[PDB]
Structure formats: structure tokens, C-alpha cells
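quick one: initial chain(s) of a complex, as found there:
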Amino acid sequence: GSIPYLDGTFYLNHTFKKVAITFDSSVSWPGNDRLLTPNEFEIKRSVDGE
């Protein structure tokens, strides 16, 4: 069938939940509290809608 790695027909991006980026395992990259959540690129929030 299709080859999303080759052709570009990606269709699973909706299943990501969290992405955390840390340099040297102590410093988060957006390291100035420049997000609503503290240090995670929270992509999609579950039913826990604060």
C-alpha cells in the first residue's frame, strides 16, 4: 500500500500525547517557563480538561 515514510501520506499524528525535550538531562529546552504546562510540549490533553 502507501508508504508514509516515502510518499508523505502520514496519518497517525493524532496519537501523540506528550513531548519532553531536555538538554544534558537537567535542563528543559524551553527553559523559561514559556509554556502553560511547566516543561512539556503537551500536544493533546485527555478528558482532564482543567
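Looks like it came in fine. Residues are numbered from 1 along each chain as shown, chains lettered A, B, ... in the order given.

So which residue is dead centre in chain A?
Nearest to the geometric centre of chain A sits residue A:19, at 3.2 Å (C-alpha atoms, centre = their mean).

Name all residues that make contact with the closest residue to that residue other than its chain neighbours.
In this structure, residue A:19 finds its nearest non-sequential neighbour in residue A:41, 4.2 Å apart by C-beta to C-beta, 6 or more residues apart in numbering. For the C-beta atoms, the positions are set from N, CA and C on the backbone; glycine is no exception. Residue A:41 makes contacts with A:18-21, A:30, A:35, as judged by C-beta atoms under 8 Å, 6 or more residues apart in numbering.

can you add chain B next? sequence is:
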Amino acid sequence: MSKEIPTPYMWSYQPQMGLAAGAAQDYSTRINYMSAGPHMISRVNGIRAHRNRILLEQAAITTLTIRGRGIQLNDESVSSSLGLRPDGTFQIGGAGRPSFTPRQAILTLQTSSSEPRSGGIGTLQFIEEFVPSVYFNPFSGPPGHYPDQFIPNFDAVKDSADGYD
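Next up, chain B placed on what we already have:
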């Protein structure tokens, strides 16, 4: 490779302690000229020599209304408004005008630490001090004369820190 134009070594920082971890040759920015002739190869070697000259040199040479803490504050000493004090008779209700006393409040607010520190290094000073270092003739001496700072598993006092205890 060449003991005269060497790929530089780039330090690795340990944020947590403030010391500098082991370093290594730069391995992410190499140029792949393996498909070039003598012209471009000499040009690239000259470029890397220029980069090394820039590094060596850099390293070696380059090493009222007080602001309060970002929001200035005004300062008054005789701003005392409510001169009354509750003796046996009076009964003073809610009050209070917050004013910074010139000597007491401000100086007590801007005193430094009691005794200065002695330990690791912060990020900015690490960036300013630990430029990539160019190692010209690698490991050309007898054993024990090598730069041990490069090995991350090497402790300055107790030599060759055994990993895993």
C-alpha cells in the same frame, strides 16, 4: 587527523555540578570532501586552518528611585503620616502606608550573601571560559603527560575514576 590542522575539541558541560565534563573532537560538523580534487581540498584545509586560528586566539586573549529589583521604588525617611500612637486612651484603627526606610529597609534588602561561594561554574561563565580547544600534536608525550581533562571518567585528585564502584 593532521597533527597541524586538527579538528577541534569541543567541551561538554554538566549542568548539574557546574564542572565541565569530558570533551571530544567535533563530530557533528565535519565536512565530507572525499569526492573533491586537490583544489577544493586545499581550500577546505585553509578554511579549517583559519577556524583554528580564530579559536586559538580567541581563547587565549579574551578571558530617590533606586531600581530595587527591577521595579523602582521611591524612598522617603520622614514620610511618617500617622503621628499618633495608642496610649492608654487612644484606639488606632486600620492604617499602614508601606514605605521603604532609606538605610534600614533598602540596605537590608540588597545585602549580599554572608560568605562568598567556592565551587562550580554557571552556564554563562562556562560559555565565556571553555571555548573549543585545539589540540595540535595529540598525545605526543610520555605516559602521564597527556591532557586528562578530556576523559570524562577521570577525576582530578583520584586518577581514573572507576565507573560502577
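
still on that earlier bit, the residue nearest to the centre of chain A against residue A:37, yeah?
No: contact status for residue A:19 versus residue A:37: not in contact, 11.0 Å apart, counting by C-beta atoms under 8 Å.

In chain B, what residue lies closest to chain A?
Nearest to chain A, among the residues of chain B, is residue B:15, at 4.5 Å (C-beta to the nearest C-beta).

Give me the spatial nearest neighbour of that residue, chain neighbours excluded.
Excluding the flanking residues, the one nearest residue B:15 by C-beta to C-beta, 6 or more residues apart in numbering or on different chains is residue A:26, at 4.5 Å.

now the sequence for chain C, which goes on the structure above:
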Amino acid sequence: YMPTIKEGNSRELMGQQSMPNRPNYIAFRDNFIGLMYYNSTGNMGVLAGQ
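With chain C now in place:
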């Protein structure tokens, strides 16, 4: 001990025996543990400068 499954007063039911039910001591937990939400992204205690 139920001598016979049949209902209604009769000779068999006269010999029945009973014992007290086991005790329960339902009460609030130690230190009121669990009353306040702790360590849950769904419900997070918030304290901030207004």
C-alpha cells in the same frame, strides 16, 4: 443455623441459633488522607499571584 428453609413459625424453626454480626469501624482516614487531591494532573492545586 436455619433448620429448614420453610418460612412461618413451626417446630423446626424453634431450634435456630444466632450470633452477632462482625464489627466495622468505618471512619475518616488517618491524616485525612485522600480528602485533598494530590499528584494528579486532572486536579492540581493552584496557588499564584493574582
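
rewinding a little: now the residue nearest to the centre of chain A, what are its backbone angles?
Phi and psi for residue A:19, reported as degrees, to the nearest 10, are phi -130, psi 120.

Would you confirm that it contacts residue A:43?
Yes: between residue A:19 and residue A:43 there is a contact under C-beta under 8 Å: 6.4 Å.

buried sites along stretch B:40-56?
Buried residues in stretch B:40-56, counted by 16 or more other C-beta atoms under 10 Å in any protein chain shown: B:48, B:52, B:55.

Identify all contacting residues around that stretch.
Outside stretch B:40-56, the residues that touch it by C-beta atoms under 8 Å, 6 or more residues apart in numbering or on different chains are B:5-8, B:31, B:33, B:36, B:131-134.
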